[PDB]
Structure formats: structure tokens, C-alpha cells
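Residue numbers (PDB author numbering): 28 to 60.
Just so you know, even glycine gets a beta-carbon here, dropped at the ideal spot from N, CA and C.
Structure, as C-alpha cells:
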């Protein structure tokens, strides 16, 4: 049974999507995989 952690685990996913945006905001434009 998944409790409140249900929605809490959703943050671990979006965390990667937010990094892409914040990446360009930091100025990480060089190697680029």
C-alpha cells in the first residue's frame, strides 16, 4: 500500500525535468552530451 509517499515520489521524477531548464539558466553550454 502506497501512502503519502505516493505524491512524494513524483518529485524525484520531475527533478530531472527541472534540471534541464535550470541547466540553461546556469550557463552550462559547452560539452553537451
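Original post:
From residue 33 to residue 41, what distance separates their C-alpha atoms?
Top reply: 14 Å
Subject >> Nearest-angstrom Cα separation, counted from residue 45 out to residue 39 >> reply: 10 Å
Subject >> Limits of the unbroken alpha helix (DSSP H) element including residue 39 >> reply: 37–53
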